[PDB]
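J.: Quick one: this structure, given as structure tokens, is what I'll be asking you about.
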Amino acid sequence: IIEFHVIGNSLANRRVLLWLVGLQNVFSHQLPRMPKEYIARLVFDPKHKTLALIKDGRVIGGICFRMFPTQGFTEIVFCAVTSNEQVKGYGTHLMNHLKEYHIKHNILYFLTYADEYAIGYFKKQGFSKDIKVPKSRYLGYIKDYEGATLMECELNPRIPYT
Amino acid sequence: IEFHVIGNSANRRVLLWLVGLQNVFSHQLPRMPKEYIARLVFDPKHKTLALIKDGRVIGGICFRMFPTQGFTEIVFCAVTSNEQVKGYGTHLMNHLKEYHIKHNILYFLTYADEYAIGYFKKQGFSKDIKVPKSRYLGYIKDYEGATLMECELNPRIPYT
Amino acid sequence: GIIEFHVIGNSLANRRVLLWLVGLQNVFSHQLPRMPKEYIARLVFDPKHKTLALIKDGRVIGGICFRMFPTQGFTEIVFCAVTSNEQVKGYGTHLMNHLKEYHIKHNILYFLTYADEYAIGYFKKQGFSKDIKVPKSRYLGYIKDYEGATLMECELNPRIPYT
Amino acid sequence: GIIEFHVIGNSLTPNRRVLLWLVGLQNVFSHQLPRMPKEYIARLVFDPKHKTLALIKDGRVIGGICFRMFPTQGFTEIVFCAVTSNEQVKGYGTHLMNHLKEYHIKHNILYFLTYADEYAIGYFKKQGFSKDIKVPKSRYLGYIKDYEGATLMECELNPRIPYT
Amino acid sequence: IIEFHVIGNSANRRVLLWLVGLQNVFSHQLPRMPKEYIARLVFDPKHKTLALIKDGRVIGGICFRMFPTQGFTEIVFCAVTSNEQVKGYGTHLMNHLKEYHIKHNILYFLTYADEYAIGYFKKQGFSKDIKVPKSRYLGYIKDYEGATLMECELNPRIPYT
Amino acid sequence: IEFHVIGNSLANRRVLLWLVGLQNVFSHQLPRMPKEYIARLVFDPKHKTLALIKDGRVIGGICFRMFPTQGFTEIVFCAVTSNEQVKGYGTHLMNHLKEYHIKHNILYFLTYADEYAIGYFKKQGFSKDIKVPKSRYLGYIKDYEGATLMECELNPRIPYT
Amino acid sequence: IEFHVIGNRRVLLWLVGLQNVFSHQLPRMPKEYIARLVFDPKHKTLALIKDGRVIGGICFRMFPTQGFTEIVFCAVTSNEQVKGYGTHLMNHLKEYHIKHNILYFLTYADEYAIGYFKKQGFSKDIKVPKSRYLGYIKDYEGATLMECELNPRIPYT
Amino acid sequence: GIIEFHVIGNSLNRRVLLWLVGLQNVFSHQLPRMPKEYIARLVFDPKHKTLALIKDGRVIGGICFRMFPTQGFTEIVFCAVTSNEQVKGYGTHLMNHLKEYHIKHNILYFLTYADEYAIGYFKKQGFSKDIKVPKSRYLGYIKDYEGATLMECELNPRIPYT
Amino acid sequence: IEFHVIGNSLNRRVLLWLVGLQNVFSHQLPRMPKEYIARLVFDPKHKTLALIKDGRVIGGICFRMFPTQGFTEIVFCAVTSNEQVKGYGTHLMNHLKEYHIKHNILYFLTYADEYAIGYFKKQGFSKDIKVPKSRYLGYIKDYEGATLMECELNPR
Amino acid sequence: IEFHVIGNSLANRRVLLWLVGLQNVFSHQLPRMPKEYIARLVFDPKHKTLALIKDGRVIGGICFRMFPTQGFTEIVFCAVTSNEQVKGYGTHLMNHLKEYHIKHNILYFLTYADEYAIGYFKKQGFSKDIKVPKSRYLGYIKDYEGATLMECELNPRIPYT
């Protein structure tokens, strides 16, 4: 009983608002030292969207991303599956569903700044430390931080990810 | 500080306050399922007295007025962990009492954990329920293992 | 096959929600086949009554017909039926569970019902009891009394997900 | 007979002669390019941010150039480029490219980029494209679909001469 | 997954791309018909198509034109992509089509079957004996050279689906 | 040259003057039908005419009456001015007419032909063997005794232009 | 001491006070230019209000689609300087930009002021691409273009 | 040498706002011992207007006044020419344009309480210490600043002042 | 003499001024296809500072503002022959520059043919290219044989 | 090759650039008439211009001023670009102009012709003997000291195009 939803704050629906509170809960827990207030402002920012992993009407994971169709890439912001539902293949389905969502919107590059604790998941999902995008195109849009590893994924719009 | 009676219908400042409240309630009552605390805090018939410190939620009381029945359900009470023992729990309850006096609601009802019984007893609540069982049963949510407490309000004396 | 649950009520325009309703009228009146069919029709098509319809591939298979009393704090379960074509498949339970979550989201935590002899087993199965907590002064005159039958009650728990 | 050139494309709202021309173009591009998924060719021809210069004979589509304009960056990407088999070697490809050149001059876009497969390079060479890219990498990377076999080619347009 | 959707024009573009998928499939499996002819009919407003969708992708369909005034429906294009043939999808398709037509009070299918499609329509209940009067289908359904006129009568009391 | 399907709608200074021209050439290539009769049909809201116009002048046309409910179209008047004859204008007029009708799902023409029109209709693909049943056209098309009914069936998959 | 982001009577007077404080504490530039920027409805000013009177402010222009803000004017009026209001002003501006999710500050600043911008965390090493601010911010011989990167992982107030 | 006379004021448009600020800057510089907030509150009072002296789109002088049409007189509050455009006859023309404006608005009396430093300019412009307006007509509407000298100017509608 | 920053937006006083400008640019640059000169002068995002004696056009500068890249393209500059050698060309460039200080910009780039060298030099244009090719490429219209010339601004 | 009667009425993308082109053509084949004058007339509302559009370019035109109240039309400017002359364009322009005026019942053209235009106007049927009374054109057509007044009378049955 698993479905994938691309949601976000428009300002209507309550289930969305509760989903976004669930996503904020999930992200905020897995990522403690980041202020709860800050994760909420990002999840509830309209320019951010979340691909939510739903089981039985219930949020168990998702990816918070920020599209920059002006620049040709999407920033991967938050990326988490709740601890009870891990190691079930959900993190890959989440990423693949985000990749097909993005080729159908003519965006073919993901960019993210990753902890040391996330690098492995992004590596598994096909992300690389060789950034083909020039720095003059993402810097200032994606949140750069000292000590973070910029990683890139190139999407082949000719293969169906889902 | 700032005291606000907020709720759900728009406005994003308020809505981010609700999420703050939900995280505080969910944190201080790990007892309760996160999704349940969210469902109530965002219920329109529920509203919350938010304790704000510099645009930031540090406490609150989620309550549901039943004006037709003549009482209010105290649902959630929390002051954030790093801000307690400053008198905020008492100031929040009092603001709530004066809010209800101005709406002719002079009875609070709450189901309290024994972790919370001490707080409600010192805010004036009692285990001896004057409101008839026929007026509240099936209106307030019964959490078994908790004990029902009631507070009667004096509309003539001032609280803030 | 594809199976769906929707609470189909009635206001004041849709095509098949009505045809779902007459089907519901039929399955209730087919499995409850001694109460006057017109009565079942008037209730099923009453505006303040709703019906949780269990539908698969368009055909109606089951339903629970209920009338919420949110001022009084309870809902009346008037009709419960799965068509004999699809019994013994746990659909009676899936129906009641979807009814339970629907009412939890509407802050109604008590069901009340009058059960005939051939439905008491179903309600015991689903958590109902003969020990009534809702006071008489709050249900009497509201729920259709039908007293050759048993008043049973189910208290819901808002914390748990039923579906 | 009655050779026409029309810059067509999908909108968010709305015409039907255009829709059938878009299906024809999707049929020509797909047939001429059979290992690429038909659904991807359809998704591009029907994307609103993509336009196609349809080559029309007797109202039937016999060729086209599918392109996407990037006015913010100052170039256009040539996506698909085809002429029907039984109408080739009739000089229609050159006429198609020239109307596209004229169309892009009028819109202040004076650079064409394209990732050519090996079977298209000869056509692009004869139409004035080069492997020497004057547009900076910092400008097209990520906007145009790169591919690890294709050959990036560029065409510079003269806005003062008339290409038609 | 498998979905059945009756689509056409009025449209959308999940629908338009589905129609292009349908047109592509009809054209590959019927190299008999010109590609622009198939596109014209698949995109004609008075035509509808029962689209067989798998993974959000078109794999089969039955394009038909309803003649409610004349009391029958014309089966125009009928195809399942090669990878999914011999899976019983052609019969599920026709079944859902018969159900769709029972609920619109159309109980007679007419079709012209080429040499290669006659067997299939036999398996789905069609016959070469046409009880619809020639005065009511001639000029309405399109004749195709050398094909065979075949007809199916529907029973409103069977839910085929 | 231009081919324009015009017709009087129940306005456009130019198209009416064209319609007057077609009325003239119809009446002068058929100089004993009451011009009053030609005028009423040319300007009838349900008759339309494929006008063959050159440099803004009417040189030929086909006046017709479509019966979509009945499945056919009536050819009523068919002519090319006496100067512009013997240059293939009557066939190109007939071919644009067929293209128009195939796009409108009308695949049968019916007409009554006089002395001078039989060979023309034979040229353009017409036949004296009538496939369309008498119940479908009698009373809808304007009958003559002495004239010869002729029929044309259109193939919707070839392009006629 | 009250902080207000502004750009009504009380507000207009407050903006004239800001133009007065800026033009006095920065007598280089034309008061006409200073007024133009102060009263642009797209420039904003974090105003430092004491007893209802303007004693300082920071005038800035957010470019939320480009992910930065230009620091135009920074001034505390002279009889309030050594009290450290300049730092509280900058902390309120940083914190305000995190809430509105903008993390790079850009400013052209006098030699007369660079020392202040360093105590506030600015550097002359410019990580931001030129094709980002070009044509949006206004050049001077501001001795240095200077950048400050903001970290949301920390409340700034 | 493009110079312009404009009567501007606050509605109870923005190059009026910028001209007002320049005028407040002018008066504030000339009167360093008045609070600049007070000069602002007056210049931006709607009941106050200012005859702006403009050159090349830039306020170089002005006269801030308040009309009392119910009382039949106007108060000159502020009066200044920026100090490098002085001694060019601009102070005369500023006051003359103000005279023309007021006779076309049926006001024939200027009143002003003058600095020690301003009396000689007013005298040059026809002001007098002999006040014909009765005290019952201005006292309390204008402020009698201790140490100022009340001065008056009687205008003639038959005279063309510009 | 009036200076007007005009252009086509989506008005006839302006319109005949545009045609006038197009003629002056056409006559002084006499073998550039006038369809091209007109196409730009009437392009809605090209603008022209019209130098207007009487109420008629006696000179002008057609330019094309490119903010995100930090420079404006000068396409056309001409004073008609009667009012040449009074320095109107230099007054024009001064009104252009000052209009550009109040507006977004501090750089001028132009492709100058063999006859335009002198004017730009005296306006301060130089043959050294301190704008990297990474930015004027694809926005200014490259001219083959011409010489790219740059003018750095006076700021205020 | 197309013909359009255009002009400022009280434009669009096409017509304005077309009139700028027309003004350039007129100006360069009258290279010492003041261009401000030619532009003011070309863009004057009561002035119209029959434009010769080879494909999208203007290659020729006739600027005329109708005086329907006075029974004639003033030919103002008349020019074919240097490329396309001695290709017969000047005659077809004039003929399209003649038919346009026939359809508006204006059957007299008056024009003042310089040395380089007399021959052309002779070849178009113009005469030096003016049958329009000087009581009727004086003060309506703009005189031209030294130019030759020339007149053309049109036949309303003649089809010129």
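Following Swiss-Prot, chain A residues are numbered 498-508, 512-662, in order.
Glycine residues also receive a Cβ, built from the backbone N, Cα and C atoms like all the rest.
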J.: According to Swiss-Prot, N6-acetyllysine sits on which of A:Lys549, A:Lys604, A:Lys643?
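T.: Swiss-Prot annotates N6-acetyllysine at A:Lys549; the rest carry no such entry.
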J.: Rounded to the nearest angstrom, how far is the Cα of A:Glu575 (active site, proton donor/acceptor) from the Cα of A:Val581 (succinyl-CoA binding site)?
T.: 18
J.: Distance between A:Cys579 (succinyl-CoA binding site) and A:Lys549 (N6-acetyllysine) at the Cα atoms, whole Å?
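T.: A:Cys579 (succinyl-CoA binding site) to A:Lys549 (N6-acetyllysine), Cα-Cα distance: 12 Å.
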J.: Can you grab the distance from A:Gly591 (succinyl-CoA binding site) over to A:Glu575 (active site, proton donor/acceptor)? Cα atoms, rounded to a whole Å.
T.: 17
J.: By the count of other Cβ atoms within 10 Å, pick out the sparsest of the binding-site residues A:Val581, A:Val587.
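T.: Among the binding-site residues A:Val581, A:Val587, the lowest count of other Cβ atoms within 10 Å belongs to A:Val587.
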J.: Record lists A:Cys579, A:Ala580, A:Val581, A:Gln586, A:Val587, A:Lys588, A:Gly589, A:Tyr590, A:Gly591, A:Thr592, A:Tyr617 as binding acetyl-CoA; longest Cα-Cα distance in Å?
T.: 19
J.: Just to be sure I understand the packing, how many Cβ atoms besides its own are within 10 Å of the Cβ of A:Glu575 (active site, proton donor/acceptor)?
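T.: A:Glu575 (active site, proton donor/acceptor) is surrounded by 19 other Cβ atoms within 10 Å.
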J.: Expressed to the nearest Å, what is the distance separating A:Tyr617 (succinyl-CoA binding site) and A:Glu575 (active site, proton donor/acceptor) at their Cα atoms?
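T.: Spelling it out, the Cα of A:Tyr617 (succinyl-CoA binding site) and the Cα of A:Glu575 (active site, proton donor/acceptor) are 18 Å apart.
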J.: How does the region 'Loop 3' (A:639-648) divide up by DSSP, counting helix, then strand, then coil residues?
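T.: Once the DSSP states are binned, the region 'Loop 3' (A:639-648) shows 0 helix, 2 strand, 8 coil.
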J.: Please report the number of other Cβ atoms within 10 Å of the Cβ of A:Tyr617 (succinyl-CoA binding site).
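T.: There are 9 of them.
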J.: Including all protein chains displayed, how many Cβ atoms other than that of A:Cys579 (succinyl-CoA binding site) lie within 10 Å of its Cβ?
T.: 24
J.: Taking just the CA atoms, what is the gap between A:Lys549 (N6-acetyllysine) and A:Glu575 (active site, proton donor/acceptor) in Å?
T.: 11
J.: How far is it from A:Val587 (succinyl-CoA binding site) to A:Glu575 (active site, proton donor/acceptor), counting Cα to Cα, in Å?
T.: 24
